[PDB]
Every structure is written in C-alpha cells, then in structure tokens.
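Quick notes on the structure that follows.
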Amino acid sequence: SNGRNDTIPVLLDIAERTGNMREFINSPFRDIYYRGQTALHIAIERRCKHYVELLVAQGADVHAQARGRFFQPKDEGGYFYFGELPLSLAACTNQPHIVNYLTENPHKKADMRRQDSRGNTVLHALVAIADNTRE
Amino acid sequence: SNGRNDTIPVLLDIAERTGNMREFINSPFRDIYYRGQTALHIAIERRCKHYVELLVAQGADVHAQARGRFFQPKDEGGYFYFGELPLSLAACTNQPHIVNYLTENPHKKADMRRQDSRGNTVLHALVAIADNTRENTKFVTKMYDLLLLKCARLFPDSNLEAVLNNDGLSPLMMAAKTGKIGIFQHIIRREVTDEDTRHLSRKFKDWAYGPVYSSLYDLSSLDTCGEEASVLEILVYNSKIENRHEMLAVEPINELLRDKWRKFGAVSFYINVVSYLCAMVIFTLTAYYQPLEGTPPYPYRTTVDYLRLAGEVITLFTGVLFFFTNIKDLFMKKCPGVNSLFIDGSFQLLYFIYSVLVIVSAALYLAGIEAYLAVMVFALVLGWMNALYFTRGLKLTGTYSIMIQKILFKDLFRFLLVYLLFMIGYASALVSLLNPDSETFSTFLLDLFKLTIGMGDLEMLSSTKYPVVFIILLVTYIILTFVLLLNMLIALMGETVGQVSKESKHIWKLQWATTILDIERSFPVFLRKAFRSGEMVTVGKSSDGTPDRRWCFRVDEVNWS
Amino acid sequence: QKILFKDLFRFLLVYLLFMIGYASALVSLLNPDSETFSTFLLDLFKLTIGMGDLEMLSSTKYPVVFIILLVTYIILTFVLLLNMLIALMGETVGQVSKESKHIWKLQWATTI
Ligand SMILES: CC(C)(O)c1cnc(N2C[C@@]3(CCC[C@](C)(Cn4cnc5ccc(C#N)cc54)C3)OC2=O)cn1
C-alpha cells in the first residue's frame, strides 16, 4: 500500500522471537508454477530498495534460484526469464541501485560470477531479456 | 448582437404578465422543415450558457424533441442529427458546461436516459455525429466518458450503455456497423481508474511481474455465442465496407478471431475441405462410370449398378445440402453490392447455380434420355471451379484466389467488350464486301479467332472481291488486337498491382473472419458455449459486493517503460 | 529457385484442378476407353501451347457444348497465365528483389 506496509518489521520481530527467523525470511514456494521464489524476489521485483535492504540485513539468501514454470524462457512455457537469481532479477528489471547494493553490502554479497541451473550468468540473462527495441 | 439581446428579459416579463408564459417560452415550430424546435434549442446551439440558464429558470422544456426534416441524419434528407433532444444537442456540439448545467440544476433536470423518437440515447447520438477525423474524436470520446461517468454516479443501478434504440443496437454496436473507429476503439479499450465507477470498464489489468503486464479485455458483448447480437457478427457482416478492415484490427478482436480459428476454426475448415474434395472425386467417378448406352432409368441389378446408384444419390444429397446451406445463408445476410462481391457474395451465386443445375439435371434424368447429359458436364465444370473457394484458409492461396476473381471480373469483361466491338466492326466490314450467305458470318468469326491465336488459314484471300483492301484490313486487325492485348497487359501490370495487391490481403482478412463466424454459426447454441473464448474471471465486488463474473479475454504484453 | 518453388507448384496445383475438372467433364460426355484420358490430356496440353488439332469436334456427342467448354478452357488458362504473370511481376519484385541481395549475402558468407 503506497510503497510501505507497516506489518513487515512486526513480522520480522515475531520471526526472531519465535526462534525460527531463518526458515521464515527465505521460504521457497512449493508449487511447480512459482517454485523456488522467495520474499527477496518479490522485494526486488516490486522495486523497494528499502525493503530489500531491511530484508537482506536480517538474513535473506541472495542466491536463491527461482526456477518455477513461470520463471522460464518464453519458448519453454513461461512469461519471464530473468536469469533465475536475485542479482540477475535486479539486473533484468533495470534496477541499477538495487544491484549496486546487492553487490556491496556488509551482510551478504552476491557475486556476479554465480550461474543458475541453466549455467546462465548475469550477462547471459541480460542478453536473454534484451530485445531489438531501442527502449 | 455581440452575445446579448436586451429584449429577452422584457419579453419574458411580458410573458409572465400576460399570464401565458408557458405557451410562449416553449413554442414549437410548425413547419415540416423545423418541426418541434423550441427556443431552448436555439439558445443551446448559439452557445449562450447564461441565456439557456435564464430560459430554463422560467420553465423551458428540457425534453422537447426537434424532429423536423432539417434535424435528420444526412442519409435521410437532412443536414444535422444531434439526437433530437436539448441535452443531446448540447452534447453533440461540444458544450460540456451547458450539459453540466442541464444535468444538475435546481429547476428541472434532464436525465441522460431519455430516448428520442428513434430510441437513440445521448450516447447513440454522440456516436452518430462522430467522424473518423481526429479533431472530432478528441471531444467525442472525452465527452462520451464524461456523460457515462455522470450517468453512473447519478444512477448507480442502471447502465447508460445498456439501453437500446428502436433498431436494438447499443452505442458500441451502433458504432460498430456505422464505421466510427475513434469511438469504437475508445469504448472497447476504456478503463476507469476511479474505484467509484471502475465496474464499467472493458479492459482490466490482471497481474504484473516486472515487464510483463497481462491486461484482460472484456468481451461480454463482443462474443455472445448467439445470444445477444454480438458486436463481432455485426462488424463482419453489416459494418461499413470501406472501414471494416480497420475495425477488425482492434486489440481484442484480432486475437479473438485467431483464438476462434485455432480452437475450432482450423479443424472444421480443413475437414470441410477434405469432405468437399472427397465428394467431388465421388461425383467425377459417378459421372465417368455412367453408361452411355440406354434410356434411363437403368435396371439396378449388378453390384456395379448399386455403386452407380450410391454415387448418384450421394451427389443429389450433396446438391440438396448445398441448396439448404446456401439459401439460408443468403436469407440471413443482406444482398451485397459493389466491393463486397469479391469478399464472399460471389460464392453464394456459384454454389446456387451448381445446386440448381444438379437438381434440374436430375429432373431431366427422370424423363429425358438425351437431355440430362448436357448439364452434368456444366455441373462438374462449375463445381471444380467453386473448389477454389476454400483457398481462403491459407493466406498464400487466399490472395491468389482474389487475383483470379478480380482478373476474371474487373478487366476481363472490359477487354471482352472492346474485343467484341472490334470483332463486330471488322466482321461487318469484311463480310459485307464479299460477293456471293448468312452462315458465312459464323465461319469468318472462328477463322479470325484462330488467326488471332495463330492457327488461322489465309486461303480466303483468293475469294475476296478486292484483294488489296483485305490485306490492309487484316494487318490492322492483327496490329489492333495486339494493341488491345497490350492494353489489358498494361492495365493488369500497373493499375492492378497498384490497388489490388494491397487490397488483396485486406480482402483475405475479411474472408477469413467471415468464414470463422460462419463456422461458428453452423454449430448449435450449446456447442458454441463449449468453445467459448476467454476465461470466467471475477473482476471485483459490485455495488452490492457481488462478484462481476464477466467472460473476459486476456492478452499479455511486454513493456519496458 | 523462387520461381521454381513458390509459384510453380501453386500454378501446377490450380492448373491440375482445372485439367481434372474439364477432362472429367469432357470425357464423361463421349459415347463409346480408359486410355482416352491420356490422349485427351496431351491433346488439350498441345491446344494450350497451340499445336493441338480440333478434329475431335466431329466425334462429340453434343457438338455445341464442347465448343463452349474449349473456349472456357482457353480463356481461363489465359487468365491463369495472366494471374501468374501479375503475381510474380508485382508482388514478387516487391519482396524478392530486396530479398535477393540479402539471401546472396548469406550464401556468400556460408560458402566462405
Ligand atoms: C462437404 C461438406 C458437406 O462438408 C460441405 C458443406 N458446405 C459447403 N459449402 C461452402 C459454402 C460456400 C459458400 C459460403 C458458405 C455459404 C458459408 N457458410 C455457411 N455456413 C457455413 C458452415 C461452415 C463453413 C466452412 N468452412 C462455411 C459456411 C458455405 O457453400 C457450400 O456449399 C461445401 N462442402
């Protein structure tokens, strides 16, 4: 709602207070359609730098691979292939600042060299989404 | 004078002082030319907001219908049709402020739902005046949205688009068959961001994930499966020919047609093609297997006679089915004219002639032994000609069919007319000179016809009364026939490709769409519901909290901005 | 290559449709062989080229109808020839002339 949800810090506080924050903050989806997607992917896609910061500072996995049927190339039954990785996701949605934060941060740094299941690195992904349209 | 006439207040004062203001303030014209027009119409047309206020504050009728011969559509002997109503008048002359005043005022409010004599609402009128010119479209679409939102907000229960005229159409349907792109696409693609009146949108945004926005269009009216006079059937059959190719390119109609093609269109068309070719192979086999010796009816005792009878009866069944399916189609659709025969109208003629020939030949086969054999030959010829109909399914073959039809019709008869003019002139020239029969004309025509092809023999030069003149005449014959051949060539090489090549794809698109819709209309009602395109999405809670549940149709896009 | 492939088979298919229709029309009218199809095919083919002899008009059961059918054969075969001319001669040069250089470039590169 208007770029801010007030229940996020409360839910995080509950997460450490119950003692199982790690299982909560990065909980992959189980359906074949959205398999592997974590809250970090949603935070990056919604274009909330502050939310991705507060989410990774609490221990979000920055290498979780969203490999569901939705996150597949258009040719193999999917609507968006962004490289199957949070860094590749922030790269493929034109989010330079979130990428800068993801590459250098005190808590956990996502290196550019990591490959997804297909082997595609960040640059293979950035090629994959490219069109011949100028924009 | 300069927007102010000082005699109006004193005239109104005289009107109430004489005790008969009511009969004066709204006095209709009596002539057939301006019948019904009141002073309120003049005040609105002259664009005097303060005058219309001062005129209605004293009791001007805001529902008086100006129905004279001048206020009629241009096609019915008139110069301006604005909806036959003061509110429709202020709407059709781009006067938003006067409309705002008329809709809400302390004295007397004119509701948007009132229909004129034709049944046209304010929105039917606003469609009627709309043109495809942009300077018209900016205010037509804008003020259509204005009036629709105002009617929704004032009256939440009713839908202003949902009231029909005396023709049964709705503003979208009326814009479909009149050829008003500017308001047609604006009606289809409209979306209302405000939650108060968002329910009357026709394009909703289902979900988004980065640069993949899947908005889904509403086809509650575009595709009714033969229940509510669908817009698509109107747009393909009864719309304006010159603009139809552009109306069929709107965002949710092209994809809808493609979906209906892949869902049940390809398989049904192809099985129809295969069945037609099989039936025609059977027809040819029956035609060849017929024995030429004997007067019908033949004694059917041999198994070969049984297969001959089976072929004959299946041919008659095919012919009667053709008659049944062609008469109904012509009965349902209007008789076409120029620029629409090349689309679809031509084939109802040809198949009609095929069925008629087969039936009359069966009638002669009943009695005439020698007679019936004449038009089996014509029947096979014409049927194998009509086999060209089904090329419209494939784009590459569909265009070439248009080539053949246009060459056979537009220029073939022109060239034949000029050619026959030369034949009659030169035949009367040559034959009248000879010194001796009536039948000599028939021989000479074929002789010259062979000479044009090159198989003519010039041995008749000896019998000519004047040998010198006939040599020159034959030379001019050959030269001018060559000139006419070059004329037909040159027309077909420049003027045809200039127009027909571009128009061929457009005509094939219309042919494909009308065949899709004919295949759909072939199915029964329950079967069509099974092959209903789109989802059954729930868009939102209604004014009472109930779900919408409107049969929408999703198309997804990729946007990087 | 494009003339041999894209349009030649289209013309052959339409022309085959026409030959089968008109041959089944003509031969079924004659009053008597199975081999008569082969003779009629070549004779009509020569007639289209112009070396066909029209001596079978005497043997026709109905002389009047066959004259009309032969006239239609000639006219619509001429129409088909005009149609092929016009198609390959407006629409092909619209596309292929531009496409020819592009295809040659790819051929040259792949041969290198
Ligand atoms: C072999 C068999 C029995 O399946 C068959 C049936 N009909 C014909 N045609 C096709 C046709 C041609 C002219 C347009 C028409 C009137 C449009 N039209 C009207 N209703 C339709 C239903 C489906 C299609 C398709 N595809 C077209 C339709 C149909 O006139 C005939 O005789 C030929 N063979």
The number of residues in the range B:299-319 that are among the hydroxyl-bearing types (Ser, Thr, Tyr) and surrounded by 15 or more Cβ atoms within 10 Å (Cβ to Cβ) is 2
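Quick check, is residue B:235 within 16 Å of the ligand (Cβ to nearest atom) and assigned to a helix (DSSP H, G or I)?
Working: within 16 Å of the ligand (Cβ to nearest atom): no; assigned to a helix (DSSP H, G or I): yes.
In short, no.
Name the residue, out of B:503, B:520, that is of a type in the set (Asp, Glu), more than 16 Å from the ligand (Cβ to nearest atom), farther than 30 Å from residue B:157 by Cβ and not in a loop (DSSP other than H, G, I, E, B).
Checking each option against the conditions leaves just B:503.
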Cβ pairs under 7 Å, 6+ apart, first in the range C:9-22 and more than 8 Å from chain B (Cβ to nearest Cβ), second assigned to a helix (DSSP H, G or I) and among the basic types (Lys, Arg):
none
Neighbours by Cβ (under 8 Å, 6+ apart or cross-chain): first from the range B:488-503, on the phi < 0 side of the Ramachandran plot and within 7 Å of another protein chain (Cβ to nearest Cβ); second in a helix (DSSP H, G or I) and acidic (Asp, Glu)
B:492/B:411; B:496/B:411; B:497/C:91; B:501/C:91
Using beta carbons and a limit of 6 Å, which pairs, at least six apart or on different chains, have the first residue in the range B:382-403 and more than 8 Å from chain C (Cβ to nearest Cβ) and the second one charged (D, E, K, R) and part of a helix (DSSP H, G or I)?
B:398/B:392
Residue by residue through the range A:75-96, note down the ones that are in a helix (DSSP H, G or I) and closer than 11 Å to residue A:44 by Cβ.
A:86, A:87, A:88, A:89, A:90, A:91, A:92
Condition (residue is loosely packed, with under 15 Cβ neighbours inside 10 Å, over 45 Å from the mean Cα position of the chain (by Cα) and either within 14 Å of chain C (Cβ to nearest Cβ) or more than 16 Å from the ligand (Cβ to nearest atom) (or both)) applied to the range B:442-453: is it met by at least one residue?
yes
Only one of these conditions is not met by residue C:28: (1) of a type in the set (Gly, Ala, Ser); (2) more than 7 Å from chain B (Cβ to nearest Cβ); (3) more than 21 Å from the chain's Cα centre (by Cα). Which number is it?
(2)
Among the residues of the range C:64-81, write down those that are in contact with a helix residue (DSSP H, G or I) (Cβ under 6 Å, 6 or more places away or on another chain) and over 12 Å from residue C:26 (Cβ atoms).
C:77, C:79
In the range B:142-157, which residues are part of a helix (DSSP H, G or I) and more than 16 Å from residue B:88 (Cβ to Cβ)?
B:142, B:145, B:149, B:152, B:153, B:154
Flagged in the range B:300-330 as within 14 Å of chain C (Cβ to nearest Cβ) and more than 13 Å from the ligand (Cβ to nearest atom), in numbering order, are B:308, B:311, B:312
For residues that are charged (D, E, K, R) and exposed (fewer than 14 other Cβ atoms within 10 Å of the Cβ), scanning just the range B:320-366, find the one that is nearest to the chain's Cα centre (by Cα).
B:334
Any idea which of (1) within 30 Å of residue B:258 (Cβ to Cβ); (2) surrounded by 12 or more Cβ atoms within 10 Å (Cβ to Cβ) is the one residue B:495 doesn't satisfy?
(1)
What about residue B:514, is it assigned to a helix (DSSP H, G or I), within 16 Å of the ligand (Cβ to nearest atom) and under 30 Å from residue B:393 (Cβ atoms)?
yes
Just need a number here: residues in the range B:284-319 that are of a type in the set (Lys, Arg) and part of a helix (DSSP H, G or I).
1
I'd like the full set of residues that are assigned to a helix (DSSP H, G or I), among the charged types (D, E, K, R) and in contact with a helix residue (DSSP H, G or I) (Cβ under 9 Å, 6 or more places away or on another chain), limited to the range B:320-377.
B:329, B:344
Residues in the range B:551-558: is at least one under 25 Å from the mean Cα position of the chain (by Cα) and either over 26 Å from residue C:47 (Cα atoms) or buried (at least 17 other Cβ atoms within 10 Å of the Cβ) (or both)?
yes
Residue satisfying all of: in the range A:68-85; more than 13 Å from every other protein chain (Cβ to nearest Cβ) and surrounded by 19 or more Cβ atoms within 10 Å (Cβ to Cβ); nearest to the chain's Cα centre (by Cα) among these:
A:85
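Neighbour counts are summed over all protein chains in view; Cβ atoms, including those assigned to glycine, are modelled from backbone coordinates with ideal geometry. Here, each number is a calculation from the coordinates, and none is a lab measurement.
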